[PDB]
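Trainee: Dropping the structure in here first, questions after.
Number of protein chains: 2
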Amino acid sequence: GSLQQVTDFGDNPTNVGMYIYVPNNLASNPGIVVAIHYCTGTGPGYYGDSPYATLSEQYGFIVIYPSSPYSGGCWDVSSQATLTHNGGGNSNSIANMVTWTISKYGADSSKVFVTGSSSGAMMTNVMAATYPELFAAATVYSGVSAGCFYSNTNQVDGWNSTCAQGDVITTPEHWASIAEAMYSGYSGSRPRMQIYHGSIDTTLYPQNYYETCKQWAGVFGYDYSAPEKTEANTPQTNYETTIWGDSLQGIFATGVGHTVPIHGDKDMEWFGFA
Amino acid sequence: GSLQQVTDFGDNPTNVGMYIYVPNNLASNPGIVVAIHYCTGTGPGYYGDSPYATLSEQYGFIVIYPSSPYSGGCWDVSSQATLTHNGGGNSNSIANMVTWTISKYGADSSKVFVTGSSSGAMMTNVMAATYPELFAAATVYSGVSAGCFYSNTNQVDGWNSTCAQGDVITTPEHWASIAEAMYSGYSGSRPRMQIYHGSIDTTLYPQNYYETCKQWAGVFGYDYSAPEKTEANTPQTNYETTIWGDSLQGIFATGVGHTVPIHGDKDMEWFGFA
Ligand SMILES: *[C@@H]1O[C@H](CO)[C@@H](O[C@@H]2O[C@H](CO)[C@@H](O)[C@H](O)[C@H]2NC(C)=O)[C@H](O)[C@H]1NC(C)=O
Ligand SMILES: *[C@@H]1O[C@H](CO)[C@@H](O[C@@H]2O[C@H](CO)[C@@H](O)[C@H](O)[C@H]2NC(C)=O)[C@H](O)[C@H]1NC(C)=O
Ligand code: NA
Ligand code: NA
Ligand code: NA
Ligand code: NA
């Protein structure tokens with residue numbers, strides 16, 4: 031099919047770009063995958079460097095690639111605007127790309143997923159907390175927990191070094207409260223979360239794996255210290271999968287740095303296309 | 031602050047009409063109320079005969095008034111098309127009105143509600159079952175359970191006398207199966223259901239109230255025989271409210287026939303605007 035830029039998709043004061051890949055083999059009622067790029071990247075760049083456009087020709091979903099407006103290409107995952115439901119930041123623009131696409135293509139709103147890598151993984155967690163209503167499931171490749179990049183001076187697209195270096199450590203309860211405040215009083219459904227992180231990540235250090243799993247455990251009321259199951263060498267040698275429940279699993283990749291390589295077929299399974 | 035007809039809102043093979051009321055006091059991130067008319071009526075008729083446009087000026091949400099394409103003005107709540115997620119029937123059309131409005135007005139997709147009287151209350155149950163993903167909550171004014179108007183010959187807009195007379199009686203399990211089958215395999219968010227009916231209804235017999243409460247009890251995993259709470263004279267004298275749980279309450283109006291009059295302020299409370 032083709033990658034098209036869309037410029038009028040709804041309110042977008044932070045000027046995020048929107049690109050979509052509409053497959054040739056478009057399903058009758060297509061799903062949506064939102065695939066969110068890393069720093070120094072762009073939406074078309076992530077299109078070029080991820081399996082989603084290929085998989086969309088198999089499964090017939092539309093892929094949305096949001097594109098950062100900021101110098102350096104990171105996502106704003108620090109401002110109040112981006113860290114609040116309807117706050118008007120980058121995350122709100124991404125939400126609007128979703129709803130534009132659902133209406134324009136008759137996409138199935140119950141089959142909308144979000145995934146990303148590095149900065150886009152940070153944004154994935156933020157999308158899950160700020161627009162939980164939009165997403166059935168999410169897959170995070172090497173990010174930080176929602177609100178870990180909080181700026182204590184309301185900076186937009188600010189890098190939080192304390193968080194990245196793994197110095198921010200707290201309880202499931204505290205992280206859950208932080209995620210909950212991104213949509214205060216929301217009690218509806220939330221996407222099922224899958225969190226990947228590598229053990230030799232020297233950009234977003236591995237403590238962030240545990241902080242993120244703590245967060246979603248706290249959000250879904252799972253006992254962080256008592257997972258349901260742990261699967262060795264799953265999905266492959268030196269990856270370990272911890273399942274806390276239907277709405278949370280973490281995959282820790284020993285010997286892997288920034289970022290954990292996208293596992294496209296595994297994504298299709300978690301989302302439910304496969 | 032006007033009622034507008036909308037003509038190109040997405041796939042609409044059964045040619046349902048779409049009318050919307052956009053209030054003057056429109057909220058920044060408006061909710062949506064879908065208000066579904068009775069037999070012999072139309073969307074604009076229900077606009078003229080319900081409190082929702084008046085209330086939209088208080089609470090700032092948009093109202094969508096679908097309009098039956100059929101002679102006699104009843105809704106198709108009988109065909110396989112209308113009784114299946116993405117089946118292409120009237121229900122599918124109403125779904126598309128929702129998604130069009132979300133995108134066009136930047137409406138909040140977590141704040142979308144559906145309600146209706148008589149034929150429109152039947153369609154309300156159908157919408158909850160066929161497009162559960164769209165709706166946070168629903169209020170049913172004197173309808174029949176989803177799939178009670180099933181046509182054994184796949185008739186479109188067929189009246190089922192056995193159902194209307196109150197002669198279709200089955201279990202929570204069986205009604206829940208009927209509802210589940212309208213979107214098979216779905217296990218996400220569904221609207222919180224509020225069901226009104228009058229004890230002396232001789233159009234849609236009051237057995238249908240109990241069949242509907244059974245249906246939603248089965249769907250949500252509630253014990254139909256053990257509701258959480260009963261409230262005398264609630265919301266008013268001779269009405270009684272039974273709460274089965276967060277996602278189901280029934281309101282039986284003793285001495286009221288077809289239909290139970292709309293309690294607009296109570297709808298606001300159930301929906302969460304108030
Ligand atoms: C960087 O990120 C952390 C969170 O990862 C921020 O820490 C929060 O800071 C406030 C005080 O400003 C505390 O009340 C919270 O309890 C902290 N949260 C947690 C989970 O610890 C921190 O403020 C950020 N730093 C900068 C410089 O913006
Ligand atoms: C009228 O409606 C009822 C459902 O309310 C239909 O009943 C179903 O009929 C099929 C056989 O066609 C049975 O297998 C189901 O068990 C019945 N369901 C229930 C809940 O009883 C009935 O067929 C409809 N009548 C007509 C003439 O279409
Ligand atoms: Na469709
Ligand atoms: Na791609
Ligand atoms: Na939704
Ligand atoms: Na908005």
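Protein chains in written order, with the UniProt record's numbering: chain A, 31 to 304; chain B, 31 to 304. Just so you know, even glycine gets a beta-carbon here, dropped at the ideal spot from N, CA and C.
Let's test the definition: count the other Cβ atoms within 10 Å of the Cβ of B/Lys296 and tell me whether it reaches 16, buried, or not, exposed.
Mentor: Indexing the second sequence from 1 puts residue 296 of chain B at position 266. Buried, since its Cβ has 16 or more Cβ neighbours within 10 Å.
Trainee: Which of the three DSSP states, helix, strand or coil, is assigned to B/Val186?
Mentor: The sequence position of residue 186 of chain B within the second sequence is 156, counting from 1. Note: B/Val186 maps to coil in three-state DSSP.
Trainee: Out of A/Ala159, A/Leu164 and A/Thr154, which has the shortest C-alpha to C-alpha gap to B/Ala137?
Mentor: To locate residue 137 of chain B, count along the second sequence from 1; it is residue 107. Comparing Cα-Cα distances from B/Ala137 to each of A/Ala159, A/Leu164 and A/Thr154, the minimum goes to A/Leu164.
Trainee: Identify the continuous beta strand (DSSP E) that holds A/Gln34 and give its terminal residues.
Mentor: Your numbering for residue 34 of chain A matches position 4 in the first sequence. Start and end: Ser32 to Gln35.
Trainee: Could you run through the segment 163 to 184 of chain A and flag, in chain order, every residue whose CB is less than 9 Å away from some CB of chain B?
Mentor: Answer set for the segment 163 to 184 of chain A: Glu163, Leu164 and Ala166.
Trainee: Taking Cβ-Cβ distances shorter than 8 Å, what residues in chain A pair up with B/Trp130?
Mentor: Reading the second sequence from its first residue, position 100 is the one you call residue 130 of chain B. In chain order: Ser133.
Trainee: Would you list the residues whose beta-carbon is nearer than 7 Å to any heavy atom of ligand 6, in the order they occur in the chain?
Mentor: Here the list is A/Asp41, A/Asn116, A/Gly118, A/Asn122, B/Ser58, B/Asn59 and B/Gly136.
Trainee: By alpha-carbon positions, which one of B/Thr70, B/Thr260 and B/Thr160 ends up nearest to B/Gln279?
Mentor: For this step, residue 279 of chain B is matched to residue 249 along the second sequence. It is B/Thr260 whose Cα lies nearest to the Cα of B/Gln279.
Trainee: Roughly how many angstroms separate the alpha carbons of B/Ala262 and B/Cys178, rounded to a whole number?
Mentor: Here residue 262 of chain B refers to the residue found at position 232 of the second sequence. Here residue 178 of chain B refers to the residue found at position 148 of the second sequence. If you take the alpha carbons of B/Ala262 and B/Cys178, they lie about 29 Å apart.
Trainee: Given 7 Å as the limit, tell me if A/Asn155 has its C-beta closer than that to any heavy atom belonging to ligand 7.
Mentor: This structure does not include ligand 7; its bound ligands are ligand 1, ligand 2, ligand 3, ligand 4, ligand 5 and ligand 6.
Trainee: Are the beta-carbon atoms of A/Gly102 and A/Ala111 separated by less than 8 Å?
Mentor: For the purposes of this step, residue 102 of chain A is identified with residue 72 of the first sequence, where counting begins at 1. For the purposes of this step, residue 111 of chain A is identified with residue 81 of the first sequence, where counting begins at 1. Not a contact, by the Cβ cut-off of 8 Å.
Trainee: Starting from the Cα of B/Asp79, find the closest Cα among B/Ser86, B/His67 and B/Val128 and give me that residue.
Mentor: Against the second sequence, residue 79 of chain B aligns to sequence position 49. Looking at the Cα atoms, B/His67 is the closest of the given residues.
Trainee: Kindly give me the distance between the Cβ atoms of B/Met223 and B/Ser277, rounded to whole angstroms, as I take these residues to be in contact under 8 Å.
Mentor: In the second sequence, counting from the first residue as 1, residue 223 of chain B sits at position 193. In the second sequence, counting from the first residue as 1, residue 277 of chain B sits at position 247. 6 Å between Cβ atoms; contact.
Trainee: Please compile the residues from chain D whose C-beta is within a distance smaller than 8 Å of the C-beta of A/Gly218.
Mentor: Here chain D cannot be found, since the structure's protein chains are A and B.
Trainee: Excluding the 5 residues flanking B/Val249 on each side, which residues of the same chain have their C-beta closer than 6 Å to its C-beta?
Mentor: Within the second sequence, numbered from 1, the residue matching residue 249 of chain B stands at position 219. Hits under 6 Å: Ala206 and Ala209.
Trainee: At least one CB of chain A closer than 8 Å to the CB of B/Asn59: is that the case?
Mentor: Here residue 59 of chain B is taken as the residue at index 29 of the second sequence, counted from 1. Closer than 8 Å to some Cβ of chain A, the Cβ of B/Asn59 qualifies, so yes.
Trainee: Less than 7 Å between the CB of B/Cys243 and some heavy atom of ligand 1, yes or no?
Mentor: Residue mapping note: residue 243 of chain B aligns to position 213 of the second sequence, counting from 1. Every heavy atom of ligand 1 is 7 Å or more from the Cβ of B/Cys243, so no.
Trainee: How about A/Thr192: is its Cβ closer than 7 Å to a heavy atom in ligand 1?
Mentor: As a position in the first sequence, residue 192 of chain A is number 162, starting the count at 1. Yes, Cβ of A/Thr192 sits closer than 7 Å to a heavy atom of ligand 1.
Trainee: If you measure from the beta carbon of A/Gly102 to each beta carbon in chain B, is any gap under 8 Å?
Mentor: Start at 1 with the first residue of the first sequence, and residue 102 of chain A comes out as number 72. False, the Cβ-Cβ gap to chain B never drops below 8 Å.
Trainee: In the DSSP output, which residue or residues are listed as bridge partners for A/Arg222?
Mentor: By one-based count along the first sequence, residue 222 of chain A stands at place 192. Note: A/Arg222 sits in a beta bridge opposite A/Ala167.
Trainee: Using a Cβ cut-off of 8 Å, which residues of the segment 236 to 251 of chain B contact any Cβ in chain A, in chain order?
Mentor: Cβ contacts with chain A: none found.
Trainee: Within 8 Å (strictly less), CB to CB, does A/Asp253 reach chain B?
Mentor: Here residue 253 of chain A refers to the residue found at position 223 when the first sequence is read from its first residue. Cβ-Cβ to chain B under 8 Å: no for A/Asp253.
Trainee: If you compare alpha carbons, which of A/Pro265, A/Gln266, A/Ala283 and A/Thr264 is closest to A/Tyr240?
Mentor: Counting from 1 along the first sequence, the entry for residue 240 of chain A is found at position 210. Comparing Cα positions, the closest option is A/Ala283.
Trainee: Taking 7 Å as the line, does the beta carbon of A/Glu163 fall inside it for any heavy atom of ligand 5?
Mentor: Residue mapping note: residue 163 of chain A aligns to position 133 of the first sequence, counting from 1. At least one heavy atom of ligand 5 is nearer than 7 Å to the Cβ of A/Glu163, so yes.
Trainee: Are the segment 38 to 53 of chain A and the segment 77 to 97 of chain A touching by the rule of at least three beta carbon pairs closer than 8 Å?
Mentor: Yes: the two stretches touch, three or more of their Cβ pairs being nearer than 8 Å.
Trainee: Does DSSP put B/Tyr68 in a helix, in a strand, or in coil?
Mentor: Indexing the second sequence from 1 puts residue 68 of chain B at position 38. Coil.
Trainee: For A/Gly251, which three-state DSSP category applies?
Mentor: Locating residue 251 of chain A in the first sequence gives position 221, where the first residue counts as 1. Coil.
Trainee: Could you tell me which of A/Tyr213, A/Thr72 and A/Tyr226 sits nearest to A/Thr242, measuring between CA atoms?
Mentor: Residue numbering aside, residue 242 of chain A sits at position 212 when the first sequence is read from its first letter. Comparing Cα-Cα distances from A/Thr242 to each of A/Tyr213, A/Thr72 and A/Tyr226, the minimum goes to A/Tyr226.
Trainee: If you follow the alpha helix (DSSP H) that A/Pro202 is part of, which residue opens it and which one closes it?
Mentor: The sequence position of residue 202 of chain A within the first sequence is 172, counting from 1. Run containing A/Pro202: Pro202 to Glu210, per the alpha helix (DSSP H) assignment.
Trainee: For the alpha helix (DSSP H) that contains A/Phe301, what are its first and last residues?
Mentor: Within the first sequence, numbered from 1, the residue matching residue 301 of chain A stands at position 271. From DSSP, the alpha helix (DSSP H) with A/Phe301 extends over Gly294 to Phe301.
Trainee: Just the Cα atoms here: how many angstroms apart are A/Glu87 and B/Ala168?
Mentor: In the first sequence, counting from the first residue as 1, residue 87 of chain A sits at position 57. In the second sequence, counting from the first residue as 1, residue 168 of chain B sits at position 138. So the alpha carbons of these two residues sit roughly 37 Å apart.
Trainee: Could one say the Cβ of B/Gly196 lies closer than 8 Å to chain A's Cβ atoms, at least one of them?
Mentor: Walking along the second sequence from the start, residue 196 of chain B turns up at place 166. No, no contact with chain A.
Trainee: Specify which residues have a beta carbon nearer than 5 Å to any heavy atom of ligand 4, listing them in chain order.
Mentor: Selection output, chain order preserved: A/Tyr77, A/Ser80, A/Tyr82 and A/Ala83.
Trainee: Span of the alpha helix (DSSP H) holding A/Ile132?
Mentor: The sequence position of residue 132 of chain A within the first sequence is 102, counting from 1. Element bounds for A/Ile132: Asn120 to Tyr135.
Trainee: Shorter than 8 Å from the beta carbon of A/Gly136 to some beta carbon of chain B?
Mentor: Locating residue 136 of chain A in the first sequence gives position 106, where the first residue counts as 1. True, the Cβ-Cβ gap to chain B drops below 8 Å.
Trainee: What residue does the alpha helix (DSSP H) around A/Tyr82 start on, and which one ends it?
Mentor: Counting from one through the first sequence, the residue named residue 82 of chain A turns up at place 52. A/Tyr82 -> alpha helix (DSSP H) spans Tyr82 to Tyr89.
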